[PDB]
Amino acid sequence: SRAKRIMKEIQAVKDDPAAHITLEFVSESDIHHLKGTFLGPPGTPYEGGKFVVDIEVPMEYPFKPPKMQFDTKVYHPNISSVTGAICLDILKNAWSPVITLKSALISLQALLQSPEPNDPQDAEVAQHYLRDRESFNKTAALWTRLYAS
């Protein structure tokens, strides 16, 4: 049961606030649309940011991956600053029924801390990250101030 899974997951996240992950339904009309958020990793250009991720869980969840895309405009090799689309294996080909939405959200936070330019969503941003890190970081940090406040 998708619904049974989701309500368990909601409780698991609500009871552990210090993890700085949140999970909420979008509306009262269903339980398959949610918003997840996580805080930017400290010591990182994204520190101080709060990142919001749109989640749609499929009928087959947890045996199919949830559809996740950023609502927050982020400057990052694996996230589209236009569509919020994410390039991350667990969301595509490496999904496992044991993975939770909280876990996925934590993996997205880990993605901010450790960009994966070798499989970019945005080729230019991945190119920027590699070509001129210092300049990349200044942009990521400005965008965190602008769009993730």
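When you see a residue number, it is the position in the sequence shown, counting from 1.
Higher mean CA temperature factor, per the PDB entry, when comparing 140-148 with 1-9: 1-9. For the pair 26-34 and 45-53, the mean Cα B-factor is higher in 26-34. Of the candidates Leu112, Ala123, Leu39, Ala104, it is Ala123 whose Cα B-factor is highest according to the PDB record. Placement of the Cα temperature factor of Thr100 within the chain: lowest third of the modelled residues, per the deposited record. Residue-level temperature factors show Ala94 in the highest third of its chain, judged at the C-alpha atom. For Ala85, the recorded CA B-factor ranks within the lowest third of the chain. Only modelled residues enter the ranking.
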